[PDB]
Amino acid sequence: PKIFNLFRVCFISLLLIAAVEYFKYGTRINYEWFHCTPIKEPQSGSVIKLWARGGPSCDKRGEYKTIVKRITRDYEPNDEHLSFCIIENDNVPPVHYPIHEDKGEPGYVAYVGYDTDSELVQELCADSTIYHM
Amino acid sequence: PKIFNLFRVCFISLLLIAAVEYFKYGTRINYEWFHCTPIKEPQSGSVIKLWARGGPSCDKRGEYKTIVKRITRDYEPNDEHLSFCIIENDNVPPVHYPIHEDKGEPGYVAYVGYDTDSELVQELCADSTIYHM
Amino acid sequence: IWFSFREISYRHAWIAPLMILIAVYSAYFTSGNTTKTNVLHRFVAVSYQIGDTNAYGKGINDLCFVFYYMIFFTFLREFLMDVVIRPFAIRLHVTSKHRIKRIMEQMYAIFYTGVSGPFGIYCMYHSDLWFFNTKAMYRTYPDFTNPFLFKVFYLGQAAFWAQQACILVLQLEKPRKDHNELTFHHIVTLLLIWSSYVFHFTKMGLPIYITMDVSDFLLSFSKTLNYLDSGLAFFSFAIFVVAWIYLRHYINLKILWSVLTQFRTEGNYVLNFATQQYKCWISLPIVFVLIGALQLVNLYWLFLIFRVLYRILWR
Amino acid sequence: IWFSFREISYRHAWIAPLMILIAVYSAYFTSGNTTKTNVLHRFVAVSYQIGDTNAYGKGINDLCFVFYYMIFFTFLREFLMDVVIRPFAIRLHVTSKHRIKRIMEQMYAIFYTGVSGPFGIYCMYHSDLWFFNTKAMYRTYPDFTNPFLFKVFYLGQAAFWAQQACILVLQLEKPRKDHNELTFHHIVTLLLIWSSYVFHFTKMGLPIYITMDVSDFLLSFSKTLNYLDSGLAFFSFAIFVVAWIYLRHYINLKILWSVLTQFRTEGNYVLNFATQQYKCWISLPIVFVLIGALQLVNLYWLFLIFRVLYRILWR
Ligand SMILES: CCCC[C@@H](C)[C@@H](OC(=O)C[C@@H](CC(=O)O)C(=O)O)[C@H](C[C@@H](C)C[C@H](O)CCCC[C@@H](O)C[C@H](O)[C@H](C)N)OC(=O)C[C@@H](CC(=O)O)C(=O)O
Ligand SMILES: CCCC[C@@H](C)[C@@H](OC(=O)C[C@@H](CC(=O)O)C(=O)O)[C@H](C[C@@H](C)C[C@H](O)CCCC[C@@H](O)C[C@H](O)[C@H](C)N)OC(=O)C[C@@H](CC(=O)O)C(=O)O
């Protein structure tokens, strides 16, 4: 009765079970890293324009998630304080992307920049609310 | 010259090096799980009010990050489409929390709900832009 | 009395698992709440009934259920094996060692396999899969919810084959005989059950053992009638060979072909991690490879069947 | 000629590391860009110079530097040991086996240790830490940037002690003698260097070996003059014991006390993962425990020193 051989086999089986369940959970909660790829559009001195484009699994919240994570971990506010604006495309259904590469207008566009040029963010973000950070 | 003993010792040393560097990186990029704790305030049928409270390391973007992740992974839009609004406290400096427990007004408050009750979100979010999802 | 209890547990092999499961059942059935608000319930029944309908979710209580019924299925095997299959090995004249050991093994195989065959067929009967319908496999794919009989069928198979595989690696006695094919079978069966349940390929899972169980019933019946020399054994073996050729080859080939063609065509085929549906072009390889592994094992086995068939035919 | 090269590498031990590092240096110094845009530069020099100033960042090129200089420090030890310290062991009359082995070891210790002592003192001189100032340790904590001499001092120590520890685990010869205290010393030294550099406790790291290096210089000088019987050995040992008592006890006790008191009081003491500053109440335990480990080792060692001191005093 070699108990330890059993014990190690069962303990590694449970380890695969837990690993695959973590795979499922993780790929669910932050799926936007898989389906959505964030586009950075350069601009004048310190501002950029954000959005995302993917397949039909890149819905509006995939775009919002990826845009806000790009905004919040591409800009260090401890060095200099930033300022951003997010504008939503109000005539495009939430799930709106085609499988192919003629996708069109995104669901969300966001303008983000540092506070050296905050009037530039004022200009690019027309009359939407402007979030400070 | 027992080479393999060396090889395993060096390979586990490099493994600790990589593990601790991942510790540093991970705790940096998503620090808001450590410093910021998100407060849910119940409301009428399907809406809630969001914000965060922590120490001086829970700055405005810690609150924005934790609020948007609560909004985006506490609400499944594939079942029913939601609608949210984020309102910023425009007279409180970005880094504004005391070490002690008399902290006061947060940097950000967000209202989020389902589309059964979207006029309720209209009511709670006074005149700020309302994001669909 | 602890020593005497150990002595009786040495003269039997079912006393301790029987005590474990009878204690669990008695404690659970002591009056109270025989509902989802009890740990023994997560260990005695399928949990996560969605609302109050015939749909069941997944969770860790599934693993608790599986392991408790491994504990149970040890008791079913030891009790049946000794208490029943030794009398049916002695009260009928049989005179050998390998002959009696394998006659016990084959009749226990007959028992559990003829229990699990008709139950699988019934589960497939009152469903849209009737007589191996390859489109109901993929019509509504993500299948987060399984019916009561269907879920319990899946978790009983998991408990049974896990118990087989763990007594395969805890070598009590009988060191080595067929264990290469046996270990490949056990590992592949357990991986397919687990990966079929976890990744929602569940209505895909029912038809494939249905075939394995009813074919194994026929095979074990043929070998039992070989042991108990009757002269009707060759008739049962011909019935077995035609049933094997039908089920394990034609039905599984149809199922593979079903994968290849109607895995794309039917239902949902756009990957979506948020919706948690994995039926895409990335999982078609994995599914086809597992089905192919099962088919390769069955191909080697009918090579063996036909080798024996022709040698006996001219002998 | 490959066999003859192996024979010369068997009659020496520095030929192969010398070839490796001379090839790397020659390839790097072949005309081109002797700047940060070269892999050999990440293997030959400290990288991540911030802007064009005397501040240096961290990265993987640090590990590349450390391992390349492990390769180098193997060549320094083998070349010095053989080519120099065997003539200084033979040209001066010494007649034994353990006597000559340990006389080589102690004079090599004298060499590297008296090289690393004054360099550490110089690094602490042109800094705000002068003569062990316990407040410049914590004034500007996060210290993502280290000066040139200070960073190269930290990475040379890492390469040297890592090479020591790897030839400790690759047992060539001389199986067992003092290896319990030796392995504790090597593991603790390497962990403190790595954890001090990685977690920015870097200006905290300079004063602590300064003490270890200059004290080890004095100790090895005393043991060398013991070997080479001179009669001046006891004078050097008294100087060593007073320097040990001063440095490794008073300065490290002051540094520990500095941790306990001015780790909170001085600089930044609010944990902030975003800013990447770990100087909080969670790291004070770790720092104090490492310093305490070093102090326990030095306490056992002066128990040994004084045991020898009094026995020789009345012998
Ligand atoms: C008229 C009836 C007489 C029965 C006759 C046909 C018998 O062939 C002989 O007539 C005997 C001589 C032939 C001769 O030379 O005269 C020979 O076959 O050995 C038969 C042939 C066999 C090679 C078929 C495979 O076995 C089955 C294993 C398949 C997979 C299954 O396991 C599924 C899975 O695992 C799990 C349970 N779901 O069965 C045996 O022979 C077995 C051996 C066992 C042994 O030796 O291993 C034995 O008979 O007990
Ligand atoms: C007037 C001058 C004569 C020298 C005299 C004091 C000598 O004591 C004796 O006079 C000889 C008899 C005494 C007697 O009985 O008469 C006895 O001490 O053994 C001395 C005592 C010694 C116990 C001190 C520790 O060693 C040092 C190791 C500390 C940590 C260091 O390593 C740092 C670190 O690792 C790294 C390098 N940074 O040194 C030895 O003795 C060593 C033994 C070696 C051995 O046996 O292991 C030997 O002499 O070579």
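All positions are counted from 1 along the displayed chain.
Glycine is no exception: its Cβ is also placed from the backbone N, Cα and C atoms.
Under the heading transmembrane segment, Swiss-Prot lists A:4-23. Per Swiss-Prot, hexacosanoate binding site is recorded for A:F23, and the stated evidence type is experimental evidence. Per Swiss-Prot, the feature topological domain 'Lumenal' maps to A:24-133; the stated evidence is experimental evidence. The disulfide bond annotation in Swiss-Prot covers A:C36-A:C58, A:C85-A:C125 and is backed by experimental evidence.
Overlay of Swiss-Prot feature records on the structure.
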residue: A:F23; record: hexacosanoate binding site; Cβ within 10 Å: 11
residue: A:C36; record: disulfide bond; Cβ within 10 Å: 25
residue: A:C58; record: disulfide bond; Cβ within 10 Å: 27
residue: A:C85; record: disulfide bond; Cβ within 10 Å: 21
residue: A:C125; record: disulfide bond; Cβ within 10 Å: 22
A:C36 (disulfide bond) and A:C85 (disulfide bond), Cα-Cα, nearest whole angstrom: 20
A:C125 (disulfide bond) and A:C58 (disulfide bond), distance between Cα atoms, whole Å: 24
Rounded Cα-Cα span from A:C36 (disulfide bond) to A:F23 (hexacosanoate binding site), Å: 18
Three-class DSSP secondary structure - the residue listed as 'hexacosanoate binding site': helix
Distance, A:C125 (disulfide bond) to A:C36 (disulfide bond) (CA atoms, angstrom): 23
